[PDB]
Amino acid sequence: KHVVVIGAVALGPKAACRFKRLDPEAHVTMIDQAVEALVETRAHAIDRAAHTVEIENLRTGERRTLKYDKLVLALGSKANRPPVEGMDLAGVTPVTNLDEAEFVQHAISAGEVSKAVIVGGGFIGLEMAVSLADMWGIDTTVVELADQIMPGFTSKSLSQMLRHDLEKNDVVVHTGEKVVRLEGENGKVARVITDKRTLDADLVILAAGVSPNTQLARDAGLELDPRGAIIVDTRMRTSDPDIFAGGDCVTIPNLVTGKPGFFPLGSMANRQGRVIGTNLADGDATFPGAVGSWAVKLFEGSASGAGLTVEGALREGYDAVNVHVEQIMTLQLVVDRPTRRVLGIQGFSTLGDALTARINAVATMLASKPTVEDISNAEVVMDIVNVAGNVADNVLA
């Protein structure tokens, strides 16, 4: 077997290394899409019938046609960019994943950046806010279009706890605020203009969500969803059975809603890569989908969760209720009224590991469709998780 892997994320290297452990006699070529590893190299087209990928080295222009028995698409995502003026200036930096986040953080050094504006108050935005202010003492402002930070990850009520953690450690936060244009001085960003103010920024981080980087799949004829996400089965196979895909370029079943979802989360990479590795070696490993577990560490508190927030469940049209419990630790449990199904759980605490233990207990249950009674009876090592289930059974009665 020759296997070609396009993209170096976490997912590509993982799939290939797992592949090789199982089939050491096979050959793998990895292309970085900027173990035979071709850097600064782009796949230009995929010919599925012929099992060929045309590639081009971007420096020398030398073009080559690789042949494959199996292909892996680890194409990642691209930053959503507001259709506004100045989104082309130097200093405007997309960050679509945690690896990219770490790169930007370690490419900065003392005295380089004076003002940072983060566009987007999601997982990426908030982690960057904290890193820039804490590692480097950079003056940092988060600007979020939605009326809350972490929209879709925590409720509005819970988000305020996270908001305070940021504001009390000198991160300014603006919500319900739209970016109107970026203004520049050397062809380098110098100001962000919102619909409410003007902010000075010599660094602007784009962390406002992502789209699958799937033009190559599209051109090849692969089945894609309306969002452009590559559609895969549970073996991580695309509509072409010799082509696998994973990571932030695919859609997989949301295990709470039973509908197709999109999970561009770090954690998915390694797990899906392993399955792709095994299946490239003729195995039949499966990855069922996701419920969306997450954690963010802030200055003093930590926030964590899985599944739907109340607003998220309401947006899907569940008759949902948000039940909260406090101990500092807060849990919020999201429950469907008519079925009594638990749809999600989120929390905030100054004790990171203690909260994680509570969220994990429930997160691994969500795919099995637990009800409030399952949370009342959850056999956790009374505990706040059980108390949340009792309060929810009480709220529903």
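Counting begins at 1, following the sequence as shown.
Counting the deposited residues that fall between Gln327 and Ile328 and carry no coordinates gives a value of 10 or more. Unmodelled residues of the deposited sequence between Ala34 and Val35: 10 or more. Between 40 to 48 and 353 to 361, the higher mean Cα B-factor belongs to 40 to 48. The PDB entry reports B-factors from which the mean C-alpha value can be compared for 157 to 165 and 96 to 104; the larger average falls on 96 to 104.
Comparing the C-alpha B-factors of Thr141, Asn186, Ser304, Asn279 in the entry, the top value falls on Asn186. Note on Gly137, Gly246, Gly120, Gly312: the highest value goes to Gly137, judged by CA B factor as recorded.
Per the deposited record, the Cα B-factor of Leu132 falls in the highest third when ranked against the other modelled residues of its chain. When the modelled residues of the chain are ordered by C-alpha B-factor, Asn213 sits in the middle third. Among the modelled residues of its chain, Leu298 has a C-alpha B-factor that falls in the highest third according to the deposited record.
Among the modelled residues of its chain, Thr175 has a C-alpha B-factor that falls in the middle third according to the deposited record.
Ranked against the other modelled residues of its chain, the C-alpha B-factor of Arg341 as given in the entry falls in the lowest third.
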